[PDB]
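> Have a peek at query33.csv (CSV, C-alpha atoms and all ligand atoms).
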chain,number,residue,atom,x,y,z
A,1,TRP,CA,59.8,109.0,-149.5
A,2,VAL,CA,59.9,112.8,-148.5
A,3,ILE,CA,57.7,115.7,-147.4
A,4,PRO,CA,57.6,117.7,-150.8
B,1,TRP,CA,72.3,120.1,-166.8
B,2,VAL,CA,74.8,117.9,-164.9
B,3,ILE,CA,77.5,115.2,-165.4
B,4,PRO,CA,75.5,112.1,-164.4
C,7,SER,CA,79.9,111.0,-172.1
C,8,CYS,CA,76.2,112.2,-171.9
C,9,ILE,CA,75.0,115.3,-170.0
C,10,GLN,CA,71.7,114.9,-168.0
C,11,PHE,CA,68.9,117.3,-167.5
C,12,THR,CA,67.9,116.8,-163.8
C,13,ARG,CA,64.2,118.0,-164.1
C,14,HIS,CA,63.5,116.1,-167.4
C,15,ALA,CA,61.7,113.0,-165.9
C,16,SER,CA,59.6,115.2,-163.6
C,17,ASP,CA,58.7,117.5,-166.6
C,18,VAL,CA,57.7,114.4,-168.7
C,19,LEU,CA,55.5,113.1,-165.9
C,20,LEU,CA,53.8,116.5,-165.3
C,21,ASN,CA,52.9,116.6,-169.1
C,22,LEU,CA,51.6,113.0,-168.9
C,23,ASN,CA,49.4,114.1,-166.0
C,24,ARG,CA,48.2,117.1,-168.1
C,25,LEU,CA,47.3,114.7,-171.0
C,26,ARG,CA,45.3,112.6,-168.5
C,27,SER,CA,43.4,115.6,-167.1
C,28,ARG,CA,42.5,116.7,-170.7
C,29,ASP,CA,41.7,113.0,-171.6
C,30,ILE,CA,44.2,113.2,-174.5
C,31,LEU,CA,45.4,109.9,-176.0
C,32,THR,CA,44.0,107.9,-173.0
C,33,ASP,CA,43.5,104.3,-174.4
C,34,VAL,CA,41.9,102.4,-171.4
C,35,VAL,CA,39.1,102.8,-168.8
C,36,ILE,CA,39.8,101.0,-165.5
C,37,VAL,CA,36.5,100.0,-163.8
C,38,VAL,CA,36.5,99.8,-160.0
C,39,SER,CA,32.9,98.9,-158.9
C,40,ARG,CA,30.7,101.9,-159.9
C,41,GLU,CA,33.6,104.2,-160.8
C,42,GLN,CA,35.6,104.6,-164.1
C,43,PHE,CA,39.1,106.0,-164.5
C,44,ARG,CA,40.6,106.8,-167.9
C,45,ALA,CA,44.4,106.4,-168.2
C,46,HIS,CA,47.3,105.7,-170.6
C,47,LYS,CA,48.2,101.9,-170.7
C,48,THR,CA,52.0,102.8,-170.9
C,49,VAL,CA,51.9,104.8,-167.6
C,50,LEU,CA,49.9,102.1,-165.8
C,51,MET,CA,52.4,99.4,-167.0
C,52,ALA,CA,55.4,101.6,-166.0
C,53,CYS,CA,54.0,102.0,-162.4
C,54,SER,CA,52.3,98.7,-161.6
C,55,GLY,CA,53.3,95.0,-161.8
C,56,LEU,CA,49.7,94.0,-162.3
C,57,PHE,CA,49.1,96.4,-165.3
C,58,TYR,CA,52.6,95.4,-166.7
C,59,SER,CA,51.4,91.7,-166.7
C,60,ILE,CA,47.9,92.6,-168.1
C,61,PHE,CA,49.0,94.8,-171.0
C,62,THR,CA,51.9,92.5,-172.1
C,63,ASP,CA,49.3,89.8,-172.5
C,64,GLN,CA,48.7,89.1,-176.2
C,65,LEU,CA,44.8,89.4,-175.7
C,66,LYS,CA,44.4,91.8,-172.8
C,67,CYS,CA,46.8,94.4,-174.5
C,68,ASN,CA,44.0,95.2,-176.9
C,69,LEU,CA,41.1,95.7,-174.4
C,70,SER,CA,39.7,99.3,-174.0
C,71,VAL,CA,38.1,98.3,-170.6
C,72,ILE,CA,39.7,96.5,-167.6
C,73,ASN,CA,37.6,95.5,-164.6
C,74,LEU,CA,39.3,95.3,-161.3
C,75,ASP,CA,38.5,92.8,-158.5
C,76,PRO,CA,35.2,93.9,-156.7
C,77,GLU,CA,37.1,94.1,-153.4
C,78,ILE,CA,39.2,97.0,-154.7
C,79,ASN,CA,38.2,100.3,-153.2
C,80,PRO,CA,37.6,103.2,-155.8
C,81,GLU,CA,39.1,105.9,-153.6
C,82,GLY,CA,42.2,103.7,-152.9
C,83,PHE,CA,42.6,103.2,-156.7
C,84,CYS,CA,42.0,107.0,-157.3
C,85,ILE,CA,44.8,107.9,-154.8
C,86,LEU,CA,47.2,105.3,-156.5
C,87,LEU,CA,46.4,106.5,-160.0
C,88,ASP,CA,47.1,110.1,-158.9
C,89,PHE,CA,50.4,108.8,-157.4
C,90,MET,CA,51.3,107.1,-160.7
C,91,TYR,CA,51.0,110.4,-162.6
C,92,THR,CA,52.5,112.8,-160.0
C,93,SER,CA,54.9,110.9,-157.5
C,94,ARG,CA,52.6,112.3,-154.7
C,95,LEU,CA,50.7,109.9,-152.4
C,96,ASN,CA,47.7,111.3,-150.5
C,97,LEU,CA,48.2,108.9,-147.5
C,98,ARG,CA,45.8,109.5,-144.6
C,99,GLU,CA,44.7,107.6,-141.4
C,100,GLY,CA,41.2,107.2,-143.0
C,101,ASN,CA,42.5,105.7,-146.3
C,102,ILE,CA,45.8,103.9,-145.4
C,103,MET,CA,44.3,100.4,-145.2
C,104,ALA,CA,42.5,100.8,-148.6
C,105,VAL,CA,45.7,102.3,-150.2
C,106,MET,CA,47.9,99.5,-148.9
C,107,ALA,CA,45.4,96.7,-150.1
C,108,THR,CA,45.1,98.4,-153.5
C,109,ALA,CA,48.9,98.8,-153.8
C,110,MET,CA,49.4,95.1,-153.0
C,111,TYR,CA,46.8,94.1,-155.7
C,112,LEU,CA,48.4,96.5,-158.2
C,113,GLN,CA,51.9,95.3,-157.2
C,114,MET,CA,53.3,98.8,-156.4
C,115,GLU,CA,56.0,97.7,-153.9
C,116,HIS,CA,57.3,101.1,-152.9
C,117,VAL,CA,53.8,102.2,-151.9
C,118,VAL,CA,53.2,98.9,-150.0
C,119,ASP,CA,56.5,99.6,-148.2
C,120,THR,CA,55.7,102.9,-146.9
C,121,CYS,CA,52.1,102.0,-145.9
C,122,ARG,CA,53.6,99.1,-143.9
C,123,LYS,CA,56.1,101.6,-142.2
C,124,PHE,CA,53.3,104.1,-141.4
C,125,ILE,CA,51.0,101.4,-139.9
C,126,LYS,CA,53.9,99.9,-137.8
C,127,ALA,CA,54.5,103.4,-136.3
C,128,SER,CA,50.9,103.8,-135.2
C,129,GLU,CA,50.8,100.4,-133.3
D,7,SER,CA,49.6,116.7,-147.0
D,8,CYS,CA,51.0,114.2,-149.6
D,9,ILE,CA,54.3,112.3,-149.3
D,10,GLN,CA,56.4,112.1,-152.4
D,11,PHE,CA,58.6,109.2,-153.8
D,12,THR,CA,61.7,111.0,-155.1
D,13,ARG,CA,62.7,108.3,-157.7
D,14,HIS,CA,59.2,107.8,-159.1
D,15,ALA,CA,59.4,110.0,-162.2
D,16,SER,CA,62.8,108.5,-163.1
D,17,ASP,CA,61.4,105.0,-162.6
D,18,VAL,CA,58.4,105.8,-164.9
D,19,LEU,CA,60.7,107.2,-167.6
D,20,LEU,CA,63.0,104.1,-167.4
D,21,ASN,CA,60.0,101.8,-167.9
D,22,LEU,CA,58.7,104.0,-170.8
D,23,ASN,CA,62.2,103.6,-172.4
D,24,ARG,CA,61.9,99.8,-171.9
D,25,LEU,CA,58.5,99.8,-173.7
D,26,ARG,CA,60.1,101.7,-176.6
D,27,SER,CA,63.1,99.2,-176.8
D,28,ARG,CA,60.6,96.3,-176.9
D,29,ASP,CA,58.3,98.2,-179.3
D,30,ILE,CA,55.4,97.8,-176.9
D,31,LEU,CA,52.4,100.1,-177.4
D,32,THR,CA,54.3,102.4,-179.7
D,33,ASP,CA,51.6,104.2,-181.8
D,34,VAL,CA,53.7,106.3,-184.3
D,35,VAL,CA,56.6,106.1,-186.7
D,36,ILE,CA,58.6,109.3,-187.2
D,37,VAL,CA,60.2,109.3,-190.6
D,38,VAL,CA,63.4,111.4,-191.0
D,39,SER,CA,64.7,111.0,-194.6
D,40,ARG,CA,65.6,107.2,-195.0
D,41,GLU,CA,65.3,106.4,-191.3
D,42,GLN,CA,62.3,105.4,-189.1
D,43,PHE,CA,61.8,105.8,-185.4
D,44,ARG,CA,59.0,104.2,-183.5
D,45,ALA,CA,57.8,106.1,-180.4
D,46,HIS,CA,54.8,106.7,-178.1
D,47,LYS,CA,52.9,109.9,-179.1
D,48,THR,CA,52.3,110.8,-175.4
D,49,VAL,CA,56.1,110.9,-174.7
D,50,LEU,CA,56.8,112.9,-177.9
D,51,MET,CA,54.2,115.5,-176.8
D,52,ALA,CA,55.5,115.6,-173.3
D,53,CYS,CA,59.0,116.5,-174.6
D,54,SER,CA,58.5,118.6,-177.7
D,55,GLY,CA,56.5,121.7,-178.5
D,56,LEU,CA,56.3,120.5,-182.2
D,57,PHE,CA,54.9,117.1,-181.3
D,58,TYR,CA,52.6,118.6,-178.7
D,59,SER,CA,51.1,120.9,-181.5
D,60,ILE,CA,51.0,118.0,-184.1
D,61,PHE,CA,49.2,115.4,-181.8
D,62,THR,CA,46.7,117.9,-180.4
D,63,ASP,CA,45.6,118.6,-184.0
D,64,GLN,CA,42.2,116.9,-184.6
D,65,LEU,CA,43.5,115.3,-187.9
D,66,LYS,CA,47.2,114.7,-187.2
D,67,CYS,CA,46.4,113.1,-183.8
D,68,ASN,CA,45.2,109.9,-185.7
D,69,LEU,CA,48.2,109.5,-188.1
D,70,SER,CA,50.4,106.4,-187.6
D,71,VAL,CA,53.3,108.0,-189.7
D,72,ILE,CA,54.7,111.6,-189.3
D,73,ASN,CA,57.3,112.8,-191.9
D,74,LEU,CA,59.8,115.4,-190.6
D,75,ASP,CA,61.2,118.3,-192.7
D,76,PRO,CA,63.9,116.8,-195.1
D,77,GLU,CA,66.5,119.2,-193.6
D,78,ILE,CA,66.3,117.3,-190.3
D,79,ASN,CA,69.3,115.1,-189.6
D,80,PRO,CA,68.4,111.4,-188.6
D,81,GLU,CA,71.3,111.2,-186.1
D,82,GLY,CA,70.3,114.5,-184.5
D,83,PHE,CA,66.7,113.2,-184.2
D,84,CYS,CA,68.0,109.8,-182.8
D,85,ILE,CA,70.0,111.7,-180.1
D,86,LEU,CA,67.0,113.8,-179.1
D,87,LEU,CA,64.6,110.8,-179.1
D,88,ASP,CA,67.0,109.0,-176.7
D,89,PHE,CA,67.1,112.2,-174.6
D,90,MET,CA,63.3,112.3,-174.4
D,91,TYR,CA,63.2,108.7,-173.0
D,92,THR,CA,66.2,108.9,-170.7
D,93,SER,CA,67.0,112.6,-169.7
D,94,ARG,CA,70.6,111.9,-171.2
D,95,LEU,CA,71.9,113.9,-174.1
D,96,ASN,CA,74.8,112.5,-176.1
D,97,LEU,CA,76.2,116.0,-177.0
D,98,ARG,CA,79.5,115.9,-179.0
D,99,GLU,CA,81.6,118.3,-181.1
D,100,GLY,CA,80.7,116.3,-184.2
D,101,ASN,CA,76.9,116.4,-183.6
D,102,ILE,CA,76.2,119.6,-181.7
D,103,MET,CA,75.1,121.7,-184.7
D,104,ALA,CA,72.7,118.9,-185.9
D,105,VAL,CA,71.4,118.4,-182.3
D,106,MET,CA,70.8,122.2,-181.8
D,107,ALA,CA,69.0,122.5,-185.3
D,108,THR,CA,66.8,119.5,-184.5
D,109,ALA,CA,66.0,120.7,-181.0
D,110,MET,CA,65.0,124.1,-182.4
D,111,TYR,CA,62.7,122.4,-185.0
D,112,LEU,CA,61.3,120.1,-182.3
D,113,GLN,CA,60.9,123.1,-179.9
D,114,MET,CA,62.9,121.5,-177.0
D,115,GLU,CA,64.0,124.7,-175.3
D,116,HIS,CA,66.3,123.3,-172.6
D,117,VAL,CA,68.3,121.3,-175.2
D,118,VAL,CA,68.6,124.5,-177.4
D,119,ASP,CA,69.8,126.4,-174.3
D,120,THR,CA,72.6,124.2,-173.5
D,121,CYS,CA,73.7,123.7,-177.1
D,122,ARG,CA,73.9,127.5,-177.3
D,123,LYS,CA,76.0,127.6,-174.1
D,124,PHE,CA,78.4,124.8,-175.3
D,125,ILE,CA,78.8,126.6,-178.7
D,126,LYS,CA,79.5,130.0,-177.0
D,127,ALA,CA,82.3,128.4,-174.8
D,128,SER,CA,84.1,127.0,-177.9
D,129,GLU,CA,84.2,130.4,-179.8
E,201,LIG,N1,58.9,97.1,-171.4
E,201,LIG,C1,58.5,97.5,-170.4
E,201,LIG,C2,58.0,97.8,-169.2
E,201,LIG,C3,56.8,98.6,-168.9
E,201,LIG,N2,56.6,98.6,-167.5
E,201,LIG,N3,57.6,97.8,-167.0
E,201,LIG,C4,57.7,97.3,-165.7
E,201,LIG,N4,56.7,97.7,-164.9
E,201,LIG,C5,56.6,97.3,-163.5
E,201,LIG,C6,56.7,95.9,-163.2
E,201,LIG,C7,56.7,95.5,-161.8
E,201,LIG,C8,56.6,96.6,-160.9
E,201,LIG,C9,56.5,98.0,-161.2
E,201,LIG,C10,56.5,98.4,-162.6
E,201,LIG,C11,56.3,98.8,-160.0
E,201,LIG,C12,56.4,97.7,-158.9
E,201,LIG,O1,56.4,97.8,-157.7
E,201,LIG,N5,56.5,96.4,-159.5
E,201,LIG,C13,58.8,96.4,-165.4
E,201,LIG,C14,59.7,96.1,-166.5
E,201,LIG,CL1,61.0,95.1,-166.2
E,201,LIG,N6,59.5,96.4,-167.8
E,201,LIG,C15,58.5,97.3,-168.0
E,202,LIG,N1,48.0,117.9,-172.1
E,202,LIG,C1,49.1,118.0,-172.4
E,202,LIG,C2,50.4,118.1,-172.7
E,202,LIG,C3,51.3,117.2,-173.3
E,202,LIG,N2,52.5,117.7,-173.6
E,202,LIG,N3,52.4,119.0,-173.2
E,202,LIG,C4,53.3,120.0,-173.4
E,202,LIG,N4,54.4,119.7,-174.1
E,202,LIG,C5,55.4,120.6,-174.4
E,202,LIG,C6,55.0,121.8,-175.1
E,202,LIG,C7,56.0,122.8,-175.3
E,202,LIG,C8,57.4,122.4,-175.0
E,202,LIG,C9,57.7,121.2,-174.4
E,202,LIG,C10,56.7,120.2,-174.1
E,202,LIG,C11,59.2,121.1,-174.2
E,202,LIG,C12,59.6,122.5,-174.7
E,202,LIG,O1,60.7,123.0,-174.7
E,202,LIG,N5,58.5,123.2,-175.2
E,202,LIG,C13,52.9,121.3,-172.8
E,202,LIG,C14,51.6,121.5,-172.2
E,202,LIG,CL1,51.2,122.9,-171.6
E,202,LIG,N6,50.7,120.5,-172.1
E,202,LIG,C15,51.1,119.3,-172.6
E,203,CL,CL,55.4,102.0,-156.3
E,204,CL,CL,64.1,120.0,-173.6
For the file at hand, write its structure as structure tokens.

Amino acid sequence: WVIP
Amino acid sequence: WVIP
Amino acid sequence: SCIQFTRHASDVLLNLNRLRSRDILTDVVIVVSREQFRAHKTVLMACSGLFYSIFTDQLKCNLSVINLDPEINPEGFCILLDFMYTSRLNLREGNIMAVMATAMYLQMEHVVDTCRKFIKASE
Amino acid sequence: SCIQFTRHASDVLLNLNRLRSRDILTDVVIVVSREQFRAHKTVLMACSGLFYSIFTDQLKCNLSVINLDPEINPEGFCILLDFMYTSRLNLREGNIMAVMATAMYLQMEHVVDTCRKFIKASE
């Protein structure tokens, strides 16, 4: 999971 | 396009 | 000896979400209490262990309407349906419990994982 | 303020290809001379300007069989259909001309681009  |  | 186009899968998913927004080739309505959500069975199966089981069933595969358990929260479902079609999860303090419960019911293991990690960090 | 699962789009496409291999929820046969290819209309539209136009048409949207131009090569189509469902393009000296012609007909601009670049490098 990432900060887009 | 890339070499996978 | 294939070559691979990096952005292809993202581009496909973007167009599947455009089809959903325009209600093109949607073949099922998911009923969550008083709310209805139109979707493509193929995308639901591709994202959810629950829908994969439902739509591989020789009788349920032909249904145009699927009713979810009355304990399922419509907003939690809406957030997960948007995630299915975009890879983006609108996870907030106010919705995390509903999102995690919905993801457990829908069998969306990666979403459950992250909800668990975000909850563990706040305690 | 969304979070994003990096591998989600690739995972969706992998499951759409699994559905295709098992012939689950395929809703169209593409006829290319003597050969037939089963697919999902939603994936074809998401990858191809030609199928996007065909399946948004108020009459053609309901057809279960689509016949391509007799000049279209079945192997070239097969290679492009595999690309649609996997992001991988089996581009070879022996098939590049057929793949490029098929990609131009199907309006798959990124494939046409690369075929053009690979041909330019060999001349
Ligand atoms: N054919 C086919 C096909 C269509 N969909 N699909 C799967 N869909 C699925 C099943 C379980 C889970 C998820 C997705 C996300 C998750 O957390 N669990 C799996 C397989 Cl093995 N195959 C297929
Ligand atoms: N709704 C919808 C929807 C479904 N599919 N789709 C598009 N599919 C497409 C159209 C043109 C081209 C390609 C894909 C690859 C290419 O080279 N050209 C576009 C839009 Cl703007 N919208 C949609
Ligand atoms: Cl997931
Ligand atoms: Cl393309």
> Go through D:116, D:40, D:26, D:94 and flag the residue nearest residue 2 in chain B, using only C-alpha atoms for the distances.
D:94
> Which residues are near ligand LIG 202 (chain E) - at most 9 Å, using only C-alpha atoms and all ligand atoms? Format: as an MDAnalysis selection string.
(chainID C and resid 17:18 20:30) or (chainID D and resid 48:59 61:62 109:110 112:118)
> Can you give chain D as a PDB file with C-alpha atoms, in the coordinates of the input after you superpose it on chain C, pairing all C-alpha atoms in order for the least-squares fit?

ATOM      1  CA  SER D   7      79.878 111.003-172.063  1.00  0.00           C
ATOM      2  CA  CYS D   8      76.214 112.236-171.911  1.00  0.00           C
ATOM      3  CA  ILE D   9      74.979 115.291-169.980  1.00  0.00           C
ATOM      4  CA  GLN D  10      71.780 114.877-168.068  1.00  0.00           C
ATOM      5  CA  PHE D  11      68.826 117.355-167.483  1.00  0.00           C
ATOM      6  CA  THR D  12      67.903 116.773-163.830  1.00  0.00           C
ATOM      7  CA  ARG D  13      64.226 117.976-164.123  1.00  0.00           C
ATOM      8  CA  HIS D  14      63.460 116.089-167.335  1.00  0.00           C
ATOM      9  CA  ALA D  15      61.712 113.024-165.908  1.00  0.00           C
ATOM     10  CA  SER D  16      59.592 115.240-163.625  1.00  0.00           C
ATOM     11  CA  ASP D  17      58.722 117.469-166.580  1.00  0.00           C
ATOM     12  CA  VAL D  18      57.661 114.397-168.670  1.00  0.00           C
ATOM     13  CA  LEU D  19      55.493 113.072-165.827  1.00  0.00           C
ATOM     14  CA  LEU D  20      53.823 116.524-165.346  1.00  0.00           C
ATOM     15  CA  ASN D  21      52.933 116.648-169.052  1.00  0.00           C
ATOM     16  CA  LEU D  22      51.651 113.003-168.943  1.00  0.00           C
ATOM     17  CA  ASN D  23      49.397 114.101-165.996  1.00  0.00           C
ATOM     18  CA  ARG D  24      48.178 117.051-168.139  1.00  0.00           C
ATOM     19  CA  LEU D  25      47.269 114.640-170.996  1.00  0.00           C
ATOM     20  CA  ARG D  26      45.289 112.527-168.508  1.00  0.00           C
ATOM     21  CA  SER D  27      43.405 115.652-167.101  1.00  0.00           C
ATOM     22  CA  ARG D  28      42.496 116.645-170.687  1.00  0.00           C
ATOM     23  CA  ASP D  29      41.708 113.017-171.625  1.00  0.00           C
ATOM     24  CA  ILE D  30      44.182 113.178-174.486  1.00  0.00           C
ATOM     25  CA  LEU D  31      45.365 109.862-175.949  1.00  0.00           C
ATOM     26  CA  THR D  32      44.029 107.878-173.039  1.00  0.00           C
ATOM     27  CA  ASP D  33      43.535 104.291-174.392  1.00  0.00           C
ATOM     28  CA  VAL D  34      41.896 102.449-171.394  1.00  0.00           C
ATOM     29  CA  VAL D  35      39.152 102.737-168.825  1.00  0.00           C
ATOM     30  CA  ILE D  36      39.771 101.002-165.494  1.00  0.00           C
ATOM     31  CA  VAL D  37      36.498 100.066-163.902  1.00  0.00           C
ATOM     32  CA  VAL D  38      36.475  99.744-160.067  1.00  0.00           C
ATOM     33  CA  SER D  39      32.906  98.875-158.921  1.00  0.00           C
ATOM     34  CA  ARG D  40      30.669 101.927-159.966  1.00  0.00           C
ATOM     35  CA  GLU D  41      33.591 104.193-160.832  1.00  0.00           C
ATOM     36  CA  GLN D  42      35.639 104.661-164.061  1.00  0.00           C
ATOM     37  CA  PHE D  43      39.140 105.939-164.517  1.00  0.00           C
ATOM     38  CA  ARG D  44      40.618 106.799-167.846  1.00  0.00           C
ATOM     39  CA  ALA D  45      44.408 106.348-168.146  1.00  0.00           C
ATOM     40  CA  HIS D  46      47.265 105.668-170.600  1.00  0.00           C
ATOM     41  CA  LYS D  47      48.205 101.931-170.638  1.00  0.00           C
ATOM     42  CA  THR D  48      51.951 102.791-170.937  1.00  0.00           C
ATOM     43  CA  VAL D  49      51.868 104.770-167.618  1.00  0.00           C
ATOM     44  CA  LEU D  50      49.846 102.031-165.847  1.00  0.00           C
ATOM     45  CA  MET D  51      52.481  99.451-166.909  1.00  0.00           C
ATOM     46  CA  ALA D  52      55.323 101.668-165.931  1.00  0.00           C
ATOM     47  CA  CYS D  53      53.917 101.939-162.368  1.00  0.00           C
ATOM     48  CA  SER D  54      52.260  98.633-161.599  1.00  0.00           C
ATOM     49  CA  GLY D  55      53.348  95.023-161.784  1.00  0.00           C
ATOM     50  CA  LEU D  56      49.623  94.027-162.328  1.00  0.00           C
ATOM     51  CA  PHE D  57      49.146  96.377-165.258  1.00  0.00           C
ATOM     52  CA  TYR D  58      52.534  95.485-166.681  1.00  0.00           C
ATOM     53  CA  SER D  59      51.422  91.724-166.704  1.00  0.00           C
ATOM     54  CA  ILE D  60      47.869  92.580-168.054  1.00  0.00           C
ATOM     55  CA  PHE D  61      49.050  94.834-171.023  1.00  0.00           C
ATOM     56  CA  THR D  62      51.882  92.520-172.064  1.00  0.00           C
ATOM     57  CA  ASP D  63      49.275  89.746-172.472  1.00  0.00           C
ATOM     58  CA  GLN D  64      48.646  89.191-176.228  1.00  0.00           C
ATOM     59  CA  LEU D  65      44.797  89.365-175.683  1.00  0.00           C
ATOM     60  CA  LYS D  66      44.418  91.824-172.793  1.00  0.00           C
ATOM     61  CA  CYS D  67      46.815  94.316-174.468  1.00  0.00           C
ATOM     62  CA  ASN D  68      43.950  95.242-176.962  1.00  0.00           C
ATOM     63  CA  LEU D  69      41.096  95.724-174.404  1.00  0.00           C
ATOM     64  CA  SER D  70      39.707  99.278-174.028  1.00  0.00           C
ATOM     65  CA  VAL D  71      38.035  98.366-170.599  1.00  0.00           C
ATOM     66  CA  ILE D  72      39.735  96.500-167.648  1.00  0.00           C
ATOM     67  CA  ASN D  73      37.506  95.508-164.647  1.00  0.00           C
ATOM     68  CA  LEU D  74      39.325  95.325-161.277  1.00  0.00           C
ATOM     69  CA  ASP D  75      38.531  92.764-158.522  1.00  0.00           C
ATOM     70  CA  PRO D  76      35.240  93.933-156.761  1.00  0.00           C
ATOM     71  CA  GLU D  77      37.124  94.042-153.413  1.00  0.00           C
ATOM     72  CA  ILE D  78      39.182  96.981-154.705  1.00  0.00           C
ATOM     73  CA  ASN D  79      38.217 100.320-153.205  1.00  0.00           C
ATOM     74  CA  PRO D  80      37.595 103.168-155.851  1.00  0.00           C
ATOM     75  CA  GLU D  81      39.120 105.844-153.567  1.00  0.00           C
ATOM     76  CA  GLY D  82      42.196 103.705-152.923  1.00  0.00           C
ATOM     77  CA  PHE D  83      42.570 103.200-156.710  1.00  0.00           C
ATOM     78  CA  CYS D  84      42.005 107.011-157.316  1.00  0.00           C
ATOM     79  CA  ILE D  85      44.826 107.808-154.805  1.00  0.00           C
ATOM     80  CA  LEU D  86      47.226 105.372-156.453  1.00  0.00           C
ATOM     81  CA  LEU D  87      46.339 106.534-160.006  1.00  0.00           C
ATOM     82  CA  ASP D  88      47.153 110.131-158.932  1.00  0.00           C
ATOM     83  CA  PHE D  89      50.406 108.807-157.407  1.00  0.00           C
ATOM     84  CA  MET D  90      51.363 107.116-160.680  1.00  0.00           C
ATOM     85  CA  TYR D  91      50.979 110.446-162.604  1.00  0.00           C
ATOM     86  CA  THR D  92      52.491 112.770-160.026  1.00  0.00           C
ATOM     87  CA  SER D  93      54.875 110.851-157.584  1.00  0.00           C
ATOM     88  CA  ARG D  94      52.553 112.267-154.702  1.00  0.00           C
ATOM     89  CA  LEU D  95      50.676 109.944-152.426  1.00  0.00           C
ATOM     90  CA  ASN D  96      47.739 111.324-150.465  1.00  0.00           C
ATOM     91  CA  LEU D  97      48.261 108.899-147.487  1.00  0.00           C
ATOM     92  CA  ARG D  98      45.833 109.487-144.545  1.00  0.00           C
ATOM     93  CA  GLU D  99      44.678 107.616-141.423  1.00  0.00           C
ATOM     94  CA  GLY D 100      41.250 107.195-143.002  1.00  0.00           C
ATOM     95  CA  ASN D 101      42.555 105.699-146.299  1.00  0.00           C
ATOM     96  CA  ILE D 102      45.789 103.917-145.459  1.00  0.00           C
ATOM     97  CA  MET D 103      44.336 100.388-145.219  1.00  0.00           C
ATOM     98  CA  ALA D 104      42.494 100.815-148.606  1.00  0.00           C
ATOM     99  CA  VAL D 105      45.657 102.357-150.191  1.00  0.00           C
ATOM    100  CA  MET D 106      47.923  99.489-148.890  1.00  0.00           C
ATOM    101  CA  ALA D 107      45.358  96.747-150.109  1.00  0.00           C
ATOM    102  CA  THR D 108      45.130  98.388-153.534  1.00  0.00           C
ATOM    103  CA  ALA D 109      48.875  98.836-153.850  1.00  0.00           C
ATOM    104  CA  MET D 110      49.382  95.160-152.982  1.00  0.00           C
ATOM    105  CA  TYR D 111      46.797  94.127-155.664  1.00  0.00           C
ATOM    106  CA  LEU D 112      48.385  96.532-158.161  1.00  0.00           C
ATOM    107  CA  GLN D 113      51.906  95.278-157.187  1.00  0.00           C
ATOM    108  CA  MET D 114      53.323  98.789-156.393  1.00  0.00           C
ATOM    109  CA  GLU D 115      56.033  97.721-153.974  1.00  0.00           C
ATOM    110  CA  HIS D 116      57.308 101.121-152.809  1.00  0.00           C
ATOM    111  CA  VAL D 117      53.752 102.251-151.891  1.00  0.00           C
ATOM    112  CA  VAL D 118      53.220  98.921-149.942  1.00  0.00           C
ATOM    113  CA  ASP D 119      56.545  99.553-148.150  1.00  0.00           C
ATOM    114  CA  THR D 120      55.706 102.850-146.830  1.00  0.00           C
ATOM    115  CA  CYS D 121      52.131 101.965-145.906  1.00  0.00           C
ATOM    116  CA  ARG D 122      53.631  99.117-143.868  1.00  0.00           C
ATOM    117  CA  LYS D 123      56.056 101.548-142.175  1.00  0.00           C
ATOM    118  CA  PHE D 124      53.282 104.139-141.380  1.00  0.00           C
ATOM    119  CA  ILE D 125      51.054 101.317-139.956  1.00  0.00           C
ATOM    120  CA  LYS D 126      53.932  99.919-137.788  1.00  0.00           C
ATOM    121  CA  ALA D 127      54.584 103.450-136.256  1.00  0.00           C
ATOM    122  CA  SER D 128      50.902 103.797-135.190  1.00  0.00           C
ATOM    123  CA  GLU D 129      50.760 100.374-133.335  1.00  0.00           C
TER     124      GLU D 129
END
> Residues of chain D within 6 Å of chain C, counting all atoms listed in the file, what are they? List them as a PyMOL selection string.
chain D and resi 8-11+14-16+18+21+52+93-96
> Rounded to one decimal place, report the CA of residue 122 in chain D-CA of residue 81 in chain D distance in Å.
18.7 Å
> Can you measure CA of residue 3 in chain B to atom CL1 of ligand LIG 201 (chain E) for me? One decimal in Å is fine.
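A separation of 26.0 Å between them.
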> Please compute the CA of residue 101 in chain C-CA of residue 82 in chain C distance, one decimal, in Å.
6.9 Å
> For range 69-72 of chain C, list every protein, DNA or RNA residue within 6 Å, evaluated using all atoms listed in the file, and leave out those in the same chain fewer than 3 positions away; present the list as a list in words.
residues 34, 35, 36 and 66 of chain C
> Any chance you could build range 43-47 of chain C out to N, CA, C and O atoms and write it as a CSV table (one decimal), in the frame of the given file?

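And here's part_9.csv as it stands now:
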chain,number,residue,atom,x,y,z
C,43,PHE,N,37.9,105.1,-164.5
C,43,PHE,CA,39.1,106.0,-164.5
C,43,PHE,C,39.8,105.8,-165.8
C,43,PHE,O,40.2,104.7,-166.2
C,44,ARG,N,39.9,106.9,-166.6
C,44,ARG,CA,40.6,106.8,-167.9
C,44,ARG,C,42.1,107.0,-167.6
C,44,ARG,O,42.5,107.8,-166.8
C,45,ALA,N,43.0,106.3,-168.4
C,45,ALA,CA,44.4,106.4,-168.2
C,45,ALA,C,45.1,106.0,-169.5
C,45,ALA,O,44.5,105.6,-170.5
C,46,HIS,N,46.4,106.1,-169.4
C,46,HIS,CA,47.3,105.7,-170.6
C,46,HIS,C,47.9,104.3,-170.1
C,46,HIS,O,48.4,104.2,-169.0
C,47,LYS,N,47.7,103.3,-171.0
C,47,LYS,CA,48.2,101.9,-170.7
C,47,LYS,C,49.7,102.0,-170.4
C,47,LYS,O,50.2,101.3,-169.5
